[PDB]
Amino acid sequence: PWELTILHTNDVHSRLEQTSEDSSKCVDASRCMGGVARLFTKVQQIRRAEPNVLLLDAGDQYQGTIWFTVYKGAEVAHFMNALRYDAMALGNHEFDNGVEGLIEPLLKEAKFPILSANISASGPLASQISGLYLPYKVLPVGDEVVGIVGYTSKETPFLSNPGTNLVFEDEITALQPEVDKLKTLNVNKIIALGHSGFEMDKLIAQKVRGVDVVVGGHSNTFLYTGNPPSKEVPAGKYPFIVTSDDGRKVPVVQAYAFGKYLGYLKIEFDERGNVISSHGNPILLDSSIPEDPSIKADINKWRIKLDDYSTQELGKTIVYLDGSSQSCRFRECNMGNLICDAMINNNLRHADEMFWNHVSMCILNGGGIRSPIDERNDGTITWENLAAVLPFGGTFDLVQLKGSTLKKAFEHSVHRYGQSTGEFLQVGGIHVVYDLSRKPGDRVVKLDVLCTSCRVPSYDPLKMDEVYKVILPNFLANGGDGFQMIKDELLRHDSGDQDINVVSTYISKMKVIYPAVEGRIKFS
């Protein structure tokens, strides 16, 4: 029996440095986790001990911290090269800076094959990108070979910025011919590595004949066999076993997100590339594992430009930006307005005759706003100032909510109004009126929202059964601040850019900002 050890990461999302336990800035070293230096240590230990090792990444290295802001994927090529990744599948966020922002920093600099079988190019882009990513790669491992076939979420054109000369085909339709092609090269050991989410990964396991193992991403899925080592709650066993339509047992794995774990799966194969068995579990990269000193020092050197950048002027405010709790927890505050205006301004997508913009509405819990910004420093705003206001390392995500759900959110906003609790909502694209003299749960007396299906944006009454796209913090999408109805009733949830990045981009675009308190929220 020939044994393969698959080490794998997915949705690292620019967590090049070690993080806190919930994947934000590392504050208390003794409780910090992940980062590429620690991952280096663990990979190097395993590669010392085990004969046949592949280190794979299932996409979404791009986007998530100031690393990506400053280095735009050059940090991904550099550190992935240093860790000697064996292959990577493209994810949705690898198109965030467009095709050009993928070809250069990543495709041209990676020292390992980057894979996707279901993306095809045309127009002049076809010539520019030809051969710079591949449907599959056959890799020598020990004395054997392993084929790896890649795939990328077919939703990518709605989520990111691939442009109009890339077509994203159905994953299963695209993969089958490639796997058939591998069979014809006498490749009998096949990994599907790709970035479409656990539910798609299971379908690939079931339906794509010849696939031996699926290594996936995109859904931040945590799989574990046994007691969970940290706070993530498993979505299922590791590996998750799919019974394929050809009656094989196909293991499916993922390793959460943010570089906190190193996926580790051992597969025993017989002479004909059939899986005898497979077992393993993600490894929690906690502080018991030392950060490799060399990679740490290189990280520290790369961090000099980030620190520099963090204190430069992004743009100016001519107004005090009132992020005080005494305002933002009690009434409309102009810092809430700025953040929402920035959320809506980020990622505009228009379709003639269809929508002026795909999203028009924003909500933001006042407790998420953690500082004002003073305008009397020559009006300068820096990334560091924005980090005081938004210090949690979160994202601004897009969800789809029924009107009824959002009406419940706005009742929750004021259900125990007056105690300075964090749940009071700042808004954009929404005009709400409350009457606090009404019973809790019945205080929203007017709730109008900006149309999307219109050529001229205007405000209409919220409709209980209609589904609205809303940008809001990942904190709220996950039901924080007691917004359980959002978590439980949302119909879709896509993760977006890092919170600070969204606001900094808007400020840099606008050059000079002056958000006002203008009657988005009123009390009768």
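Heads up: residue numbers just count along the shown sequence, starting at 1.
Of the two stretches examined, 464-472 and 29-37, the record assigns the greater average C-alpha temperature factor to 29-37.
Checked against the record, the higher mean CA B factor of 442-450 and 416-424 lies with 416-424. Of all the options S120, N385, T156, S219, the entry's greatest CA B-factor is assigned to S120. Within the group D86, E94, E232, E104, the record's highest C-alpha temperature factor is found at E104.
The PDB entry assigns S508 a C-alpha temperature factor belonging to the middle third of its chain's modelled residues.
Residue-level temperature factors show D57 in the lowest third of its chain, judged at the C-alpha atom.
When the modelled residues of the chain are ordered by their C-alpha B factor, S24 lands in the highest third. In the deposited entry, the Cα temperature factor of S458 sits in the bottom third of values across the chain's modelled residues. For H493, the recorded CA B-factor ranks within the middle third of the chain. Only modelled residues enter the ranking.
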